[PDB]
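Enquirer: I am attaching a structure below and will ask some questions about it afterwards.
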Protein chains: 2
Amino acid sequence: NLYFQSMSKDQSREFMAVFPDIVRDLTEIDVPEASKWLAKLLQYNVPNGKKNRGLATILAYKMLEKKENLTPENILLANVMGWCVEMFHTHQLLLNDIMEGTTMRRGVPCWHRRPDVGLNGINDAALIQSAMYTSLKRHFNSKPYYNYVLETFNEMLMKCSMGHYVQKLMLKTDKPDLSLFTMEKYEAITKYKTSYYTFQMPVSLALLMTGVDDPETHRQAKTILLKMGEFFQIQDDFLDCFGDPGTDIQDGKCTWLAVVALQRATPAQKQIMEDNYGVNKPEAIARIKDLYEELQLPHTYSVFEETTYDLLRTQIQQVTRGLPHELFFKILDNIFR
Amino acid sequence: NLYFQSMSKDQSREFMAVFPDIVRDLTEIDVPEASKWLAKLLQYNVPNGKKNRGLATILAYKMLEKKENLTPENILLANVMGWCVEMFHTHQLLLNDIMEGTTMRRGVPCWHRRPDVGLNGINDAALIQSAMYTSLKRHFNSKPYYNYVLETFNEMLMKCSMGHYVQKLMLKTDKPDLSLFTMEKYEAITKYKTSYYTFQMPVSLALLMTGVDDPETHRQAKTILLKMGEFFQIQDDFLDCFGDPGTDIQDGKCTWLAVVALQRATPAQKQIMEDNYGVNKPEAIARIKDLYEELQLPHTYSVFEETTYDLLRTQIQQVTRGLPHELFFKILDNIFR
């Protein structure tokens with residue numbers, strides 16, 4: 001584990017040292033106060049995350065680019081491209097903050113909870129989104145992959161936004177609509193809202209930056225990475241509930257657990273779920289959890305984990321079109337901890 | 001004014017006839033319900049406007065294109081470009097709808113006031129933005145001017161968004177901040193928030209579609225159109241207050257009337273302004289109007305109107321770079337009625 005922990009320690013360090021200049025480039029005439037605000041706004045919201053997708057975008061580029069092309073100039077560009085994915089993520093996080101009434105995030109108060117923002121938070125998000133596209137043009141307009149980069153940041157915005165709509169259908173009456181809690185509906189929410197921009201975007205951008213725009217190479221990659229995206233979400237689902245210290249449950253969220261509990265429940269075990277899911281009481285949340293252990297979900301998942309791991313391993317090694325296996329094996333092995 | 005009225009009747013008719021084929025092309029697999037929503041959502045929000053910007057885009061393209069290129073295929077393209085500008089305007093209107101608590105608009109209730117939307121109105125705005133970028137891709141990705149079209153839509157979102165920040169500084173604590181009510185600040189608010197995307201974008205898109213990207217031919221057009229943009233704003237401000245059937249005043253808006261009143265006010269006359277501007281009461285509103293008449297604002301405007309007209313007229317005929325004068329004279333004359 002020592003090489004990994006050290007190269008990560010300095011990869012993250014190189015990456016964090018490029019942000020300051022992204023800010024500075026976006027601020028250097030009628031409205032100088034708007035440029036000051038875009039500074040504050042970027043420095044509070046974008047660089048304080050765990051930086052997974054940004055790091056994934058640069059990790060992917062190193063793994064995919066030809067060695068005679070791993071120049072400090074191309075490294076910095078893979079690096080600025082990471083910060084464009086982080087910006088896109090911040091845009092998404094901030095819109096959802098206002099939509100869902102989030103109070104605390106990144107261990108600090110949500111941007112919109114400041115007195116002089118409130119719903120004006122929505123415009124502040126529009127400023128981050130625009131900074132992203134400005135930054136995308138200033139670093140990349142000269143590149144022959146430039147159109148496909150803008151198309152992918154655009155396709156990804158569509159994909160998240162359909163993803164949020166399908167999710168909202170799942171709350172009719174500030175109470176969850178359990179009839180919609182199917183594995184087709186959870187797989188689709190998970191794919192659109194999370195997997196596209198969290199797992200594919202970083203890798204399809206790194207592929208583009210490499211001059212690889214082969215349509216079949218892109219599908220091949222996406223096919224595996226979306227599965228991987230679903231796995232991450234299921235595991236996320238199982239630590240929210242059976243975590244070792246999550247509000248999914250008192251929140252009536254569409255989880256893998258609630259979908260699989262409904263597949264296996266007696267009409268009597270369905271009735272307890274209707275009565276106790278998405279209710280913010282220790283009792284209701286405790287009842288839902290007794291039932292989760294009664295339908296043997298911890299075992300069921302354990303078996304799912306072991307098997308799905310071997311399926312995706314087998315599916316990696318059957319990937320071709322020049323793509324490195326050691327990239328997908330590395331994304332699998334990291335989202336398995 | 002019969003040919004203009006008849007050509008304008010069938011131009012509006014040709015344009016309205018393209019909209020349904022724009023919707024049907026955005027709706028023809030995991031989330032079929034999201035495609036049905038996007039249709040409902042375009043159908044209520046985008047084509048029910050007075051359609052000025054979308055009409056301005058096609059009017060400018062017919063004026064700017066060489067005649068041997070005025071083919072039904074190129075006309076249909078100009079006509080989908082108009083609908084992409086309107087989709088930009090709808091995005092802007094809806095975000096503003098939620099931010100300012102608008103209740104009615106276009107003779108119907110605002111989207112976000114429906115029970116199944118509320119703050120989810122913000123994601124429906126992202127869906128409209130995405131549709132625009134998709135629609136831009138499926139029609140224009142072949143063209144060499146494609147990269148420049150995306151950049152213009154991106155730049156215009158930056159500009160609106162800085163314009164919206166600068167506007168929010170003017171209402172501190174629900175009381176208007178009369179220290180900031182200067183002509184420099186009103187000109188910048190109007191330019192960033194309205195003029196750029198209402199008066200420039202249409203013409204610069206039509207110029208791009210024509211194959212003209214000359215930096216200096218864009219600059220000349222941009223100067224004139226920004227000034228015309230500011231004029232339409234000053235006129236709109238005047239009728240808002242002196243118009244023959246306006247809530248600016250009770251709303252503490254930075255209008256040309258309040259800015260110029262503060263330039264001419266006696267210190268006593270600044271007091272009546274600090275005591276009666278942004279106060280929703282028949283007495284305060286009526287007092288701001290007694291002052292506006294006392295300071296002789298109807299006259300000053302009347303002089304401003306006549307003078308600014310002859311200035312722009314003259315600035316039009318000074319324009320070269322092959323640009324048609326008959327385009328600018330027509331915009332000038334149509335915002336002078």
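In the structure tokens, each chain is lettered A, B, ... as it comes, each chain's residues begin at 1, and ligands are numbered from 1 in order of appearance.
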Would you kindly report the residues of chain B within 7 Å of chain A, using only C-alpha atoms, as JSON, numbers by chain?
Expert: {"B": [30, 31, 34, 99, 119, 120, 123, 126, 127, 130, 133, 147, 154, 157, 158, 161, 162, 164, 165, 166, 188]}
Enquirer: For N, CA and C atoms, I'd like the residues from the last selection saved as a PDB file, in the first residue's frame.
Expert:
```pdb
ATOM      1  N   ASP B  30     -34.054   4.230 -20.932  1.00  0.00           N
ATOM      2  CA  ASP B  30     -34.184   3.814 -19.501  1.00  0.00           C
ATOM      3  C   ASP B  30     -35.232   4.670 -18.774  1.00  0.00           C
ATOM      4  N   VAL B  31     -35.400   5.928 -19.193  1.00  0.00           N
ATOM      5  CA  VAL B  31     -36.241   6.933 -18.485  1.00  0.00           C
ATOM      6  C   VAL B  31     -37.186   7.592 -19.486  1.00  0.00           C
ATOM      7  N   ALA B  34     -39.048  10.914 -18.409  1.00  0.00           N
ATOM      8  CA  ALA B  34     -38.228  12.154 -18.423  1.00  0.00           C
ATOM      9  C   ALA B  34     -38.406  12.877 -19.761  1.00  0.00           C
ATOM     10  N   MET B  99     -36.467  33.068  -8.050  1.00  0.00           N
ATOM     11  CA  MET B  99     -35.600  33.946  -7.218  1.00  0.00           C
ATOM     12  C   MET B  99     -36.402  35.137  -6.690  1.00  0.00           C
ATOM     13  N   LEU B 119     -39.643  24.242  -5.612  1.00  0.00           N
ATOM     14  CA  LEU B 119     -38.184  24.498  -5.774  1.00  0.00           C
ATOM     15  C   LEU B 119     -37.564  23.544  -6.814  1.00  0.00           C
ATOM     16  N   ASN B 120     -38.221  22.422  -7.120  1.00  0.00           N
ATOM     17  CA  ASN B 120     -37.806  21.518  -8.224  1.00  0.00           C
ATOM     18  C   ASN B 120     -37.891  22.256  -9.556  1.00  0.00           C
ATOM     19  N   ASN B 123     -34.587  22.419 -11.390  1.00  0.00           N
ATOM     20  CA  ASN B 123     -34.097  21.273 -12.201  1.00  0.00           C
ATOM     21  C   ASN B 123     -34.796  21.313 -13.557  1.00  0.00           C
ATOM     22  N   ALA B 126     -32.806  23.486 -15.632  1.00  0.00           N
ATOM     23  CA  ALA B 126     -31.583  22.830 -16.137  1.00  0.00           C
ATOM     24  C   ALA B 126     -31.928  21.981 -17.363  1.00  0.00           C
ATOM     25  N   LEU B 127     -33.117  21.371 -17.361  1.00  0.00           N
ATOM     26  CA  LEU B 127     -33.640  20.509 -18.459  1.00  0.00           C
ATOM     27  C   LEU B 127     -33.834  21.356 -19.718  1.00  0.00           C
ATOM     28  N   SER B 130     -30.418  22.220 -21.142  1.00  0.00           N
ATOM     29  CA  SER B 130     -29.844  21.006 -21.768  1.00  0.00           C
ATOM     30  C   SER B 130     -30.456  20.768 -23.156  1.00  0.00           C
ATOM     31  N   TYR B 133     -28.873  23.032 -25.649  1.00  0.00           N
ATOM     32  CA  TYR B 133     -27.517  22.554 -26.023  1.00  0.00           C
ATOM     33  C   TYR B 133     -27.616  21.296 -26.903  1.00  0.00           C
ATOM     34  N   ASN B 147     -18.325  25.667 -32.934  1.00  0.00           N
ATOM     35  CA  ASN B 147     -17.551  26.006 -31.705  1.00  0.00           C
ATOM     36  C   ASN B 147     -17.904  27.430 -31.256  1.00  0.00           C
ATOM     37  N   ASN B 154     -22.532  30.228 -24.092  1.00  0.00           N
ATOM     38  CA  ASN B 154     -21.800  30.081 -22.813  1.00  0.00           C
ATOM     39  C   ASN B 154     -21.460  31.468 -22.277  1.00  0.00           C
ATOM     40  N   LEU B 157     -24.460  33.424 -20.883  1.00  0.00           N
ATOM     41  CA  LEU B 157     -24.883  32.893 -19.562  1.00  0.00           C
ATOM     42  C   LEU B 157     -24.007  33.515 -18.475  1.00  0.00           C
ATOM     43  N   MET B 158     -22.696  33.602 -18.709  1.00  0.00           N
ATOM     44  CA  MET B 158     -21.753  34.308 -17.807  1.00  0.00           C
ATOM     45  C   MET B 158     -22.280  35.726 -17.617  1.00  0.00           C
ATOM     46  N   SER B 161     -25.478  36.358 -15.602  1.00  0.00           N
ATOM     47  CA  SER B 161     -25.226  35.836 -14.239  1.00  0.00           C
ATOM     48  C   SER B 161     -24.443  36.860 -13.417  1.00  0.00           C
ATOM     49  N   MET B 162     -23.524  37.585 -14.049  1.00  0.00           N
ATOM     50  CA  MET B 162     -22.829  38.733 -13.415  1.00  0.00           C
ATOM     51  C   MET B 162     -23.805  39.901 -13.300  1.00  0.00           C
ATOM     52  N   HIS B 164     -27.025  39.666 -12.776  1.00  0.00           N
ATOM     53  CA  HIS B 164     -28.016  39.301 -11.728  1.00  0.00           C
ATOM     54  C   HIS B 164     -27.401  39.549 -10.350  1.00  0.00           C
ATOM     55  N   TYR B 165     -26.091  39.349 -10.211  1.00  0.00           N
ATOM     56  CA  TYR B 165     -25.371  39.606  -8.940  1.00  0.00           C
ATOM     57  C   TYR B 165     -25.393  41.110  -8.670  1.00  0.00           C
ATOM     58  N   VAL B 166     -24.960  41.889  -9.665  1.00  0.00           N
ATOM     59  CA  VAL B 166     -24.837  43.376  -9.602  1.00  0.00           C
ATOM     60  C   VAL B 166     -26.202  43.973  -9.234  1.00  0.00           C
ATOM     61  N   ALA B 188     -24.582  49.353 -16.277  1.00  0.00           N
ATOM     62  CA  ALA B 188     -23.900  48.036 -16.161  1.00  0.00           C
ATOM     63  C   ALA B 188     -24.923  46.915 -15.905  1.00  0.00           C
TER      64      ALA B 188
END
```
Enquirer: Range 256-261 of chain B: which residues within 12 Å, counting only C-alpha atoms, same-chain residues fewer than 6 positions away excluded, as an MDAnalysis selection string?
Expert: chainID B and resid 176:187 189:190 230:242 248:250 267 269:274 276:278 288:301 304
Enquirer: From range 78-323 of chain B, collect each residue whose DSSP state is strand (DSSP E) and return the set as a ChimeraX atom specification.
Expert: /B:171-172,175-176
Enquirer: Store the residues picked out above in a file with N, CA and C atoms, as a PDB file, in the first residue's frame.
Expert:
```pdb
ATOM      1  N   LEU B 171     -30.661  45.913  -3.635  1.00  0.00           N
ATOM      2  CA  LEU B 171     -31.659  45.816  -2.545  1.00  0.00           C
ATOM      3  C   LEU B 171     -31.011  45.201  -1.315  1.00  0.00           C
ATOM      4  N   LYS B 172     -30.455  46.038  -0.448  1.00  0.00           N
ATOM      5  CA  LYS B 172     -29.884  45.518   0.816  1.00  0.00           C
ATOM      6  C   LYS B 172     -30.948  45.592   1.905  1.00  0.00           C
ATOM      7  N   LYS B 175     -34.823  47.171   1.698  1.00  0.00           N
ATOM      8  CA  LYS B 175     -34.884  48.642   1.471  1.00  0.00           C
ATOM      9  C   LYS B 175     -33.909  48.974   0.346  1.00  0.00           C
ATOM     10  N   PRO B 176     -34.289  49.735  -0.710  1.00  0.00           N
ATOM     11  CA  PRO B 176     -33.342  50.043  -1.781  1.00  0.00           C
ATOM     12  C   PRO B 176     -32.142  50.836  -1.232  1.00  0.00           C
TER      13      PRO B 176
END
```
Enquirer: Can you list, as a PyMOL selection string, every residue of range 39-108 of chain B that DSSP puts in helix (DSSP H, G or I)?
Expert: chain B and resi 39-45+52-64+67-69+72-100
Enquirer: For range 203-209 of chain A, please output as a PyMOL selection string all residues within 8 Å (counting only C-alpha atoms; exclusion window: fewer than 2 positions along the same chain).
Expert: chain A and resi 56-58+60-61+64+78+81+145+148-149+152+199-201+211-213+218+221
Enquirer: Could you check which of B:114, B:253, B:287, B:139 is closest to residue 275 in chain B, using only C-alpha atoms?
Expert: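 Closest to residue 275 in chain B of all the choices is B:287.
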Enquirer: Excluding residue 106 in chain B and any residue of its chain fewer than 4 positions from it, enumerate the residues within 12 Å of it, using only C-alpha atoms, and give them as a list in words.
Expert: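 The residues satisfying every condition are residues 44, 45, 46, 47, 48, 49, 50, 51, 90, 93, 102, 110 and 111 of chain B.
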Enquirer: Atoms to include: N, CA, C and O atoms. Write the selected residues as an mmCIF file, in the first residue's frame.
Expert:
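Output contents, as saved in part-v8.cif:
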```cif
data_model
loop_
_atom_site.group_PDB
_atom_site.id
_atom_site.type_symbol
_atom_site.label_atom_id
_atom_site.label_comp_id
_atom_site.auth_asym_id
_atom_site.auth_seq_id
_atom_site.Cartn_x
_atom_site.Cartn_y
_atom_site.Cartn_z
ATOM 1 N N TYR B 44 -45.152 24.543 -22.336
ATOM 2 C CA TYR B 44 -45.751 25.559 -21.422
ATOM 3 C C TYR B 44 -44.859 26.806 -21.309
ATOM 4 O O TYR B 44 -45.392 27.904 -21.044
ATOM 5 N N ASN B 45 -43.539 26.669 -21.487
ATOM 6 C CA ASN B 45 -42.568 27.689 -21.004
ATOM 7 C C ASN B 45 -41.943 28.465 -22.163
ATOM 8 O O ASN B 45 -41.656 29.654 -21.933
ATOM 9 N N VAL B 46 -41.731 27.839 -23.316
ATOM 10 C CA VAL B 46 -40.928 28.498 -24.387
ATOM 11 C C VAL B 46 -41.719 29.170 -25.518
ATOM 12 O O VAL B 46 -41.385 30.319 -25.834
ATOM 13 N N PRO B 47 -42.755 28.582 -26.151
ATOM 14 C CA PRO B 47 -43.307 29.187 -27.366
ATOM 15 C C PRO B 47 -44.446 30.198 -27.199
ATOM 16 O O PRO B 47 -44.935 30.641 -28.214
ATOM 17 N N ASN B 48 -44.796 30.540 -25.952
ATOM 18 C CA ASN B 48 -45.974 31.365 -25.559
ATOM 19 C C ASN B 48 -45.556 32.823 -25.325
ATOM 20 O O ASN B 48 -46.355 33.575 -24.735
ATOM 21 N N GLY B 49 -44.366 33.219 -25.785
ATOM 22 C CA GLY B 49 -43.828 34.576 -25.570
ATOM 23 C C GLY B 49 -44.124 35.474 -26.752
ATOM 24 O O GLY B 49 -44.675 34.957 -27.749
ATOM 25 N N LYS B 50 -43.765 36.757 -26.652
ATOM 26 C CA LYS B 50 -43.861 37.724 -27.780
ATOM 27 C C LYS B 50 -42.730 37.458 -28.790
ATOM 28 O O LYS B 50 -42.762 38.072 -29.872
ATOM 29 N N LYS B 51 -41.765 36.598 -28.435
ATOM 30 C CA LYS B 51 -40.787 35.918 -29.338
ATOM 31 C C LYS B 51 -39.830 36.892 -30.036
ATOM 32 O O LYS B 51 -39.356 36.553 -31.128
ATOM 33 N N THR B 90 -35.973 31.588 -21.815
ATOM 34 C CA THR B 90 -36.924 30.851 -20.952
ATOM 35 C C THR B 90 -36.181 30.382 -19.706
ATOM 36 O O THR B 90 -36.770 30.482 -18.609
ATOM 37 N N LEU B 93 -35.755 33.448 -17.561
ATOM 38 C CA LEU B 93 -37.071 33.832 -16.982
ATOM 39 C C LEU B 93 -37.420 32.925 -15.795
ATOM 40 O O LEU B 93 -37.878 33.468 -14.778
ATOM 41 N N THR B 102 -42.175 35.392 -8.487
ATOM 42 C CA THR B 102 -43.186 35.748 -9.518
ATOM 43 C C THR B 102 -44.345 34.755 -9.429
ATOM 44 O O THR B 102 -44.081 33.573 -9.166
ATOM 45 N N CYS B 110 -46.854 31.002 -13.310
ATOM 46 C CA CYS B 110 -45.411 30.633 -13.399
ATOM 47 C C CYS B 110 -45.243 29.134 -13.104
ATOM 48 O O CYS B 110 -45.885 28.638 -12.177
ATOM 49 N N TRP B 111 -44.393 28.444 -13.860
ATOM 50 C CA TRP B 111 -44.175 26.975 -13.772
ATOM 51 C C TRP B 111 -44.052 26.518 -12.319
ATOM 52 O O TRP B 111 -44.716 25.542 -11.939
#
```
